[PDB]
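*Asks:* sequence first, structure after; it's an experimental one.
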Amino acid sequence: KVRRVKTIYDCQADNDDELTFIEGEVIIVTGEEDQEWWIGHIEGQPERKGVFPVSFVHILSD
Amino acid sequence: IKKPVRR
């Protein structure tokens, strides 16, 4: 259902499958690990990708 | 603002 989210905090990956981002970036959601962790990549920078905490984003699209 | 644990 959810396709685009906007990050609301900074986040540094703790593990090598995790996405590092700053606040204000758009993520394209491409998958889910669980209710607290989704998978995606940066809109406009798809090479930046990985697992990220859902609590760190606001739903934007879909 | 705590990051939930990976599991």
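*Replies:* Thanks, I have the structure now. Numbering: from 1, shown residues only, chains lettered A, B, ... in the order given.
*Asks:* next, count neighbours for the residue of chain A found nearest chain B.
*Replies:* Residue nearest to chain B within chain A: residue A:36 (4.1 Å; Cβ to the nearest Cβ). For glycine as for every other residue, the C-beta is placed from the backbone atoms N, C-alpha and C. Here the count is done by other Cβ atoms under 10 Å in any protein chain shown, and residue A:36 has 16 residues near it.
*Asks:* quick one: contacts for it?
*Replies:* A:53, A:54, A:55, B:4 (Cβ atoms under 8 Å, 6 or more residues apart in numbering or on different chains).
*Asks:* those residues: which two are farthest apart?
*Replies:* A:54 and B:4 (8.3 Å; Cβ to Cβ).
*Asks:* what is in contact with those two at once?
*Replies:* Joint contacts of residue A:54 and residue B:4 (Cβ under 8 Å, 6+ apart) are A:36, A:37.
*Asks:* so between those two, which is more surrounded?
*Replies:* Under the criterion of other Cβ under 10 Å, the comparison of residue A:54 against residue B:4 puts residue A:54 first, with 17 against 13.
*Asks:* can you list the residues of chain A near chain B?
*Replies:* Taking Cβ under 8 Å from any Cβ of the partner chain as the contact definition, chain A meets chain B at A:9, A:11, A:14, A:15, A:33, A:34, A:36, A:37, A:51, A:53, A:55, A:56.
*Asks:* swap in 10 Å and give it another go.
*Replies:* Residues of chain A lying near chain B by Cβ under 10 Å from any Cβ of the partner chain: A:8-12, A:14-15, A:17-18, A:33-37, A:51-56.
*Asks:* got the contact list for residue A:49?
*Replies:* By Cβ atoms under 10 Å, 6 or more residues apart in numbering or on different chains, residue A:49 lies in contact with A:17, A:18, A:19, A:27, A:28, A:30, A:39, A:40, A:41, A:42.
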